[PDB]
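*Asks:* following this: a sequence and the matching experimental structure.
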Amino acid sequence: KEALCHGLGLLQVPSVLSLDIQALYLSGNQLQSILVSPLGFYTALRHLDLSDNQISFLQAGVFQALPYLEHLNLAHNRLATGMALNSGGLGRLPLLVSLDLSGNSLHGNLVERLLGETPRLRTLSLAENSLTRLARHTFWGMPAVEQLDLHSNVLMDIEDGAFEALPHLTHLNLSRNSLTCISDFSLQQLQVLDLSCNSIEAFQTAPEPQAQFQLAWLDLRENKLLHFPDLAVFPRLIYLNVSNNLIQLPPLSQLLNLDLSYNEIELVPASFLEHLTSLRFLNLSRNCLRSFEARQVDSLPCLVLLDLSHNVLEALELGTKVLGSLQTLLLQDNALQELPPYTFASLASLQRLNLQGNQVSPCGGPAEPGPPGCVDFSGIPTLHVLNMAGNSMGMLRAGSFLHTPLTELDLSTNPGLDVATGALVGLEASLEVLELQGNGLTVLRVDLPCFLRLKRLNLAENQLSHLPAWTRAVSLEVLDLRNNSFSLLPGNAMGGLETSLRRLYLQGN
Amino acid sequence: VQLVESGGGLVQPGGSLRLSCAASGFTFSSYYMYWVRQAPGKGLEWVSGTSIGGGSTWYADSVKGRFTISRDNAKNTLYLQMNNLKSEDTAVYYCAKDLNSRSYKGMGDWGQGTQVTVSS
Amino acid sequence: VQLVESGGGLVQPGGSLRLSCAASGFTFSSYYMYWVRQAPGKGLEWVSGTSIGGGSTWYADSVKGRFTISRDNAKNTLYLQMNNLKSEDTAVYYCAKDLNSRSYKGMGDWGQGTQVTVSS
Amino acid sequence: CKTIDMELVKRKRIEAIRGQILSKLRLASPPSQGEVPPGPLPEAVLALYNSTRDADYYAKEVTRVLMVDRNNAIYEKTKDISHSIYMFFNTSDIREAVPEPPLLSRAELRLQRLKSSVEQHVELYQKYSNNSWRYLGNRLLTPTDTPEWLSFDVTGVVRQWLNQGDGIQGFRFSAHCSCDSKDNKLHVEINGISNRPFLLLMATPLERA
Amino acid sequence: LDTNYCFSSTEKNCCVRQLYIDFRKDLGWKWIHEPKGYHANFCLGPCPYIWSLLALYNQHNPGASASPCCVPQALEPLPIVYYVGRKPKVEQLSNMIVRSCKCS
Amino acid sequence: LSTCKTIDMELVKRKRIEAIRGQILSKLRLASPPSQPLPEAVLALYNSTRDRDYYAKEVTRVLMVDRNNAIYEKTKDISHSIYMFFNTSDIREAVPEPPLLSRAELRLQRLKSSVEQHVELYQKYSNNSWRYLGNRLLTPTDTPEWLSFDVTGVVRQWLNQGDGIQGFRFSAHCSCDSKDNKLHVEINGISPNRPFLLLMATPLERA
Amino acid sequence: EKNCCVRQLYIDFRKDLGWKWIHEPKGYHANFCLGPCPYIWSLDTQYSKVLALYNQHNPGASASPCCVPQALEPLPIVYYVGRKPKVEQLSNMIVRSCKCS
Amino acid sequence: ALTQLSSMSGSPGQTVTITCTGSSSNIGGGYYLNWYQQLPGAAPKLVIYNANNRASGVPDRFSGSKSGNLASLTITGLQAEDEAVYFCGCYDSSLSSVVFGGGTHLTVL
Amino acid sequence: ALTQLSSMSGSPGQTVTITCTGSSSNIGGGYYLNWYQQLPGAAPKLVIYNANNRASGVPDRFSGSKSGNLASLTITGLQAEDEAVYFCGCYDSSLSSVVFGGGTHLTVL
Ligand SMILES: *[C@@H]1O[C@H](CO)[C@@H](O[C@@H]2O[C@H](CO)[C@@H](O)[C@H](O)[C@H]2NC(C)=O)[C@H](O)[C@H]1NC(C)=O
Ligand SMILES: *[C@@H]1O[C@H](CO)[C@@H](O[C@@H]2O[C@H](CO)[C@@H](O)[C@H](O)[C@H]2NC(C)=O)[C@H](O)[C@H]1NC(C)=O
Ligand SMILES: *[C@@H]1O[C@H](CO)[C@@H](O[C@@H]2O[C@H](CO)[C@@H](O)[C@H](O)[C@H]2NC(C)=O)[C@H](O)[C@H]1NC(C)=O
Ligand SMILES: *[C@@H]1O[C@H](CO)[C@@H](O)[C@H](O)[C@H]1NC(C)=O
Ligand SMILES: *[C@@H]1O[C@H](CO)[C@@H](O)[C@H](O)[C@H]1NC(C)=O
């Protein structure tokens, strides 16, 4: 059986339950002090959940009366104002593998003389606390801890040797703190590190010959770094989230995730991409990039997503044998107005392309008067996600959308746009989704009943006085028309549409 | 020292006109400048005044707002922008220098004056 | 309510002495404190007076600075550290508290007095 | 570019505002609301809050002490002249508000005029020793169409009042007579004399001095 | 260098932005009876040096700070009404509302 | 993990030095250091400036109209005030146009005083009707002391008017209970160095 | 340290700038505000000792505290340009106080 | 300083008034005049506070009066328990101290 | 504004004085009072500035006077070339403008 007590309002540890319980849940109840009785009588409890209480006073040796305890949950308590008045600490804990001490408002000496000694303890929680500084002797009572949680604290200074007493530490959380300068990384065995939501201005590591470091995840989110951290010291790195920072950019081939969004990168060096050849993710949203110089050998050959959004990119230069594994490209409102027909005409394995709010135009063909210097979208078969907006051109070309299926087309902010080619010729077993909104469309020439694989259509805020009549099989479900003038609209001749309809939106009439 | 003027002629009531005062023989961008009009048969009357550089400009109370003065210190010319003329503006608008350089004290060397009228 | 006193004793001139006023029966942390002496055969003379918490201390000019007062609200005690005792300081010192709680009005209840003699 | 996101800065400030309000009040935790009486705030507390809406880091409590009422024997000795307005304050109530004079961070004397259609340069003094008066400050009064609240920094005056015995000490609201002119009368009417004037006592609370 | 300049339209440099901090829902506080919320009105800006560029740079100093920042100049205090025990306590907190801010 | 103790002081020292050089060149609307027994007049102006909106702003002094002038004899019968008249022509010579002027400071040297005298300041308006400018409570002292009154609006009004003689009044406080109080404070250069206006103006060359 | 205060930096126009155009003053005290003011994260239940760390690190809630000056003293200088010298006052050129944002 | 006559004598049962005069800052300054009686070999006790209000524990035979710069303590009648040296104590704005008078040796037959 | 007579006649060779009286804001304000002669069919010419000083190109025959609210210009010997309308001009600080007076047509013979 189990003994769960959450919010029962009892003012003391109950004694009605027998000596046969292994999980004593007393979290959330009204407990102000844990006496020895009756808890000292219990000796076979695997879980002591006393979190979210009013715990102020503990005698010396209350927890030592338990010889078979594994979990000590003391979170959201007041052990600061009650333990600093000469109250009994934890002392020696033989087999307690999981300790939770969060929200106890401890200072450096309070946490120093609270935890005592514990030979075996997997996790140590000191989050939501008030440690001003970390000393050498802070963790001298712990031989080997795996999980360390130091977040939501008021930490500023960590002196040298404050972590060398814990040589089996893998996870280390230092988020939501105030560490400022960080130097001389010498933990040598850390796996997981967090430095997010802090105020950190620098990160330098001594370049003297030392042992190998095995760090993988290193947030530097929402900090104030000025230079990019050195990664030649960290050859096992996988994750690096340096989003929302202030870095200027004036073996190593191991990174999988790398975020530089909301940073201060005016221009990325080519040598920076040259020395990093194992990337899988790269995020840059709302940066200050000038241009992406992806025109050198062995520069990001395994990249999957290249998020370059909300920048000013006057010229994009990508070519073959440089970066040909890109899967999704997220270009949003940077500067794109006129590009040579080689970036999107010869690169392979691209599926998603974004040209929202951009003046670039697709190329034509032998029988289409394409604008000079356009961008050719024909030459890759796997490009099926295409978004175009802001071209401000009224009659699209044919040939760029051919030789490949386009499962979705996004078109918006195109005044005077008229469609007669590409969306109806060369495509028969594709084009499931094709929506036009926020653009000036007057005459519709694309035959909706021609495509039998339609599932999601939208023709909102477009000036259409006619609508095509269905006479064949179709699987359309949604048809949205917002603020569209329609004096008359019969349905008897429109009978071929009613095959899978369940919700239609239309108003403005 | 001479101050020739331009921009006379008859103006329809409620209209607008501009007068220019080319200046020579002295450092134009060192003196205050004044516009003084005189209707035929009536005495002199102050119209407008400007500092050295046009930063601070002063106009008479009866003609405030309608007239606007400005300087072009490189070309040694100064302008008076008439707006919304009415029947008591029929006067010869004289352009005048100042006694000392950085001073607002009096009218020194005067101009020949040009005749500006408003009528039907 | 009572204010027992102590510290009475002969002092060689040029010396020092500290009294105490163990006050009970009233809220000591909410009453202004005073010291009053009178030479034998003479009248009462103000010695010193202090406020809640002892932050502001006020003295008679005859013992200004040369005597110091202090308060410790925790023990409900009152201290008066004299220095440099001489001829006219031979008096009996009276502890007193103001009749109203947060006020500098008067002296409500008095102690019993401690006799200090300076001349040796 | 030196650009950072909007939504992070708002939450970073809302949190720093949480910390700043909890640090100024010297509250290590939000106070318990179990011992809070029901119903709206008392009208005295509402009036005090309306009035206060109209190392100094930490928050100082606000206490309003009103002037001695006009129908008092202290006023029937100079209330015959018309060139000055006499305001007298009870120092016992001030000491009850601020029991320890070092805790008085700032003191503010406010005046309310009824309707002043004329410009008058007015003048404020302190009832000093003997019957002499000391300069405090002057404010030129432009004409108005609505009642207007004045403000005088009398922090040093109330500090000297707290460093003295409890009695009746007050101010003189006088018109400014130029030294080349005769004695002119005071033409501005103060409410509650001719919502009577009071004091704001920005005091460090004595429980966390 | 004031609230009216950047409360009417947006100017892309160091000036005040609207921020109404509610105590009931934005901060989750139940004890401050009045005011329910106030306009803390933070300010944020990309403010460069004067030679790389106004009323913002009236008190500007590049030789006194590591980098010029968007720091409040004029601050307006706030009063609050909250209970400690049974006594309703009214206190005024200085430097709550950012009315204007400068470059440094 | 070891938080570094202090930033290297010489690095931030040269960083601040270079930023100070940039600040000095930017205040003067300059971009290069200009090149070419300097007289005692600038010594007097500089020494007056030391004792007591971004860019550097020109400073220039204009002195009192001398006491022997026939403009003070009209009000010499008044013995409870000091009358300080300034030639507006010299002010306009220092500051050619109003809007570039930004701050005007009036200086008054007191040779020796031994009394609590509370003074005031006025200006003419040429009606012999005076506006209030600002008072100053003067304590007794054994050393010469200067004073400073904010007369920015005063000199702005004087520049918006014709060149002439407009001036100040240094009158003792005379409350309505004690009228015709004599001015017991002495100002150097009037009673048997002289007072002057200190003008903070934007230079004509740079703006 | 982590406290912002004025640092003594006496800057010389002759030896530290290599300038001959500035005549008086030969040099002046130009203190600089140094100190890394860190953003102090907040909790509902924190310690009474760390409530005193706001005053010297995050006095006003800034969302990015920084070491700006608080009290500024202008500097008058005289320099020889053209045939006539001119003395001119430089506003906010000496720092007296250093306050975290 | 507060001035009051040193010696005073009256028959038992006769109402006698003790007066001490101020200096326009002792009592004329609106401050608090308190009246204290001191029996021989005993501590002073509060009798009249604020110059006109009887204290607690005093019998209702003592009345106080304040008139300008003069403070009157009127003892209605005279019994065998009023043999005390009487003091008037009040603050002043001149010496910035609480000033007492030179006590009146009130006696009987 | 500036009170000045409208017509003033005379004969050659006398010494006649042209008056100019104001209201203590223009003449009594200490501002520069000027004296302009307007020859028939010509522009006004500066004669006497600040009511004391003689302008360039003007003979010493002209002299101005300045006293309180009264300022005047004197000519010792009238000739044919002096037959002109004379304006007194001074800045007015009441109207905040440089107001002129109504000129007098000085007729010789
Ligand atoms: C380090 O601690 C931070 C702070 O608690 C963790 O971040 C939070 O994680 C929880 C997980 O449930 C989320 O709900 C929160 O939204 C996170 N907040 C922020 C600001 O990130 C973080 O996950 C911890 N890191 C590790 C490795 O445990
Ligand atoms: C100033 O305040 C004090 C106390 O607040 C007033 O003293 C009271 O006066 C009345 C009237 O004589 C007595 O009945 C009370 O016993 C006194 N004490 C208290 C605590 O109320 C004093 O009267 C006030 N001043 C004026 C001029 O009214
Ligand atoms: C104010 O200054 C002006 C010019 O500095 C003085 O004008 C001079 O007055 C004298 C008096 O005889 C004339 O000789 C000069 O020709 C005038 N101009 C110049 C440029 O010197 C004016 O007198 C002064 N006002 C005073 C002294 O009250
Ligand atoms: C990096 O941190 C930002 C902070 O909001 C977050 O949005 C983003 O998802 C993180 N990166 C990854 C790969 O999760
Ligand atoms: C006379 O006084 C009024 C107001 O008192 C003022 O506006 C006017 O300017 C003064 N006269 C002159 C000539 O300045």
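*Replies:* Now that the structure is in, tell me what you want to look at. Numbering: from 1, shown residues only, chains lettered A, B, ... in the order given. Ligands and ions are numbered 1, 2, ... in the order given.
*Asks:* so the residue most central in space within chain D is in which element?
*Replies:* The C-alpha lying nearest the average C-alpha coordinate of chain D belongs to residue D:108 (Cα atoms, centre = their mean; 2.7 Å). Using DSSP states H and E, residue D:108 falls within strand D:104-110.
*Asks:* list the helices and strands that strand packs on?
*Replies:* strand D:152-153, helix D:155-162, strand D:198-203 (3 or more Cβ pairs under 8 Å, 6 or more residues apart in numbering or on different chains; DSSP states H and E). (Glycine included, C-beta is placed from N, CA and C.)
*Asks:* go again with 7 Å.
*Replies:* helix D:155-162, strand D:198-203 (3 or more Cβ pairs under 7 Å, 6 or more residues apart in numbering or on different chains; DSSP states H and E).
*Asks:* which residues in chain H form strands?
*Replies:* With DSSP state E as the criterion, chain H has strands at H:3-4, H:7-9, H:16-21, H:34-38, H:45-49, H:53-54, H:62-67, H:70-75, H:85-91, H:98-100, H:104-107.
*Asks:* same check, this time on chain D
*Replies:* D:60-61, D:64-66, D:84-90, D:104-110, D:120-127, D:133-141, D:152-153, D:168-175, D:198-203.
*Asks:* now do the contacts for the residue nearest to the centre of chain D.
*Replies:* D:151, D:153, D:199-200 (Cβ atoms under 7 Å, 6 or more residues apart in numbering or on different chains).
*Asks:* what does residue D:142 give?
*Replies:* residue D:119.
*Asks:* same question, the one 5 residues further on
*Replies:* Under the criterion of Cβ under 7 Å, 6+ apart, the neighbours of residue D:147 are D:112-114, D:191.
*Asks:* and if we set it to 6 Å?
*Replies:* Residue D:147 is in contact with residue D:112, counting by Cβ atoms under 6 Å, 6 or more residues apart in numbering or on different chains.
*Asks:* on that earlier part again, can you list the strands of chain D in TSV and add distance to residue I:88?
*Replies:* Shown next, in TSV, are the strands of chain D (distance: least, Cβ to Cβ, whole Å):
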stretch	distance to residue I:88
strand D:60-61	66
strand D:64-66	64
strand D:84-90	49
strand D:104-110	55
strand D:120-127	38
strand D:133-141	38
strand D:152-153	51
strand D:168-175	42
strand D:198-203	60
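*Asks:* longest helix of chain D?
*Replies:* helix D:6-24 (DSSP state H).
*Asks:* what's the burial count for residue A:67?
*Replies:* Neighbour count for residue A:67, taken as other Cβ atoms under 10 Å in any protein chain shown: 9.
*Asks:* spit out the contact partners of it.
*Replies:* Applying Cβ under 6 Å, 6+ apart, the residues near residue A:67 are residue A:43.
*Asks:* now with 7 Å?
*Replies:* So residue A:67 contacts A:43, A:94 (Cβ under 7 Å, 6+ apart).
*Asks:* ok, now which ones touch residue 79?
*Replies:* Picked chain A for this. Residue A:79 neighbours (Cβ under 7 Å, 6+ apart): A:55, A:104, A:106, A:114.
*Asks:* oops, I was thinking of chain H
*Replies:* Counting by Cβ under 7 Å, 6+ apart, residue H:79 has contacts residue H:12.
*Asks:* deepest of the helices and strands packed on strand D:104-110, which one?
*Replies:* strand D:198-203 (a mean of 22; mean count of other Cβ atoms under 10 Å in any protein chain shown).
*Asks:* against chain A, how distant is the residue of chain H found nearest ligand 3?
*Replies:* Nearest residue of chain H to ligand 3: residue H:93, at 52.2 Å (Cβ to the nearest ligand atom). According to Cβ to the nearest Cβ, to the nearest Å, residue H:93 stands 47 Å off from chain A.
*Asks:* and for that residue, nearest residue in space, chain neighbours not counted?
*Replies:* residue H:25 (4.1 Å; Cβ to Cβ, 6 or more residues apart in numbering or on different chains).
*Asks:* so who does the residue in the stretch 401-509 of chain A positioned nearest to chain E touch?
*Replies:* With Cβ to the nearest Cβ as the measure, residue A:413 is the residue of the stretch 401-509 of chain A nearest to chain E, at 22.0 Å. With contact taken as Cβ under 7 Å, 6+ apart, residue A:413 is in contact with A:357, A:389-390, A:438-439.
*Asks:* kindly recompute the last result at 6 Å.
*Replies:* So residue A:413 contacts A:389-390, A:438 (Cβ under 6 Å, 6+ apart).
*Asks:* again with residue A:324
*Replies:* Residues counted as contacts of residue A:324 (Cβ under 6 Å, 6+ apart) are A:347-348.
*Asks:* rewinding a little: beta partners of the residue nearest to the centre of chain D?
*Replies:* On the basis of DSSP bridges, residue D:108 is bridged to residue D:153, residue D:200.
*Asks:* ok, now how distant is it from residue D:146?
*Replies:* Taking Cβ to Cβ, to the nearest Å as the measure, residue D:108 falls 21 Å from residue D:146.
*Asks:* do residue A:73 as well
*Replies:* Residue A:73 is 62 Å from residue D:146, by Cβ to Cβ.
*Asks:* the two: which is more packed in?
*Replies:* Higher neighbour count among residue A:73 and residue D:146: residue A:73, with 20 against 8, using other Cβ under 10 Å.
*Asks:* helix, strand or coil: sort out that one for me.
*Replies:* Put simply, residue A:73 is strand when judged by DSSP: H, G, I helix; E, B strand; the rest coil.
*Asks:* hang on, isn't it packed against residue A:52?
*Replies:* No. Applying Cβ atoms under 6 Å as the test, residue A:73 and residue A:52 come out as separate, 9.0 Å apart.
*Asks:* state the number of residues packed around residue D:149.
*Replies:* Counted with other Cβ under 10 Å, residues neighbouring residue D:149 total 13.
*Asks:* tell me if residue A:110 really is in a strand.
*Replies:* No. Counting by three-state DSSP, residue A:110 falls outside a strand, being helix.
*Asks:* which among the contacts of residue A:413 end up buried?
*Replies:* Neighbour-count burial (16 or more other Cβ atoms under 10 Å in any protein chain shown) applied to the contacts of residue A:413 gives A:389-390.
*Asks:* all strands for chain B, in order.
*Replies:* Counting by DSSP E, the strands of chain B are B:2-6, B:9-11, B:16-24, B:33-38, B:44-50, B:57-59, B:68-72, B:77-83, B:91-96, B:114-118.
*Asks:* for residue H:11, which of those is the nearest?
*Replies:* Closest to residue H:11 of the strands of chain B, according to Cβ to Cβ: strand B:57-59, at 94.0 Å.
*Asks:* output the contacting helices and strands for that closest one.
*Replies:* Counting contacts by 3 or more Cβ pairs under 6 Å, 6 or more residues apart in numbering or on different chains; DSSP states H and E, strand B:57-59 packs against strand B:44-50.
*Asks:* so what strands line up beside the strand it packs on?
*Replies:* Note on strand B:44-50: by DSSP bridges, its sheet partners are strand B:33-38 (antiparallel), strand B:57-59 (antiparallel).
*Asks:* can you lay out those strands as a markdown table showing distance to ligand 1 and mean neighbour count?
*Replies:* Below are these laid out as a markdown table (distance: least, Cβ to the nearest ligand atom, whole Å; neighbours: other Cβ atoms under 10 Å in any protein chain shown):
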| stretch | distance to ligand 1 | mean neighbour count |
| --- | --- | --- |
| strand B:33-38 | 67 | 24 |
| strand B:57-59 | 60 | 19 |
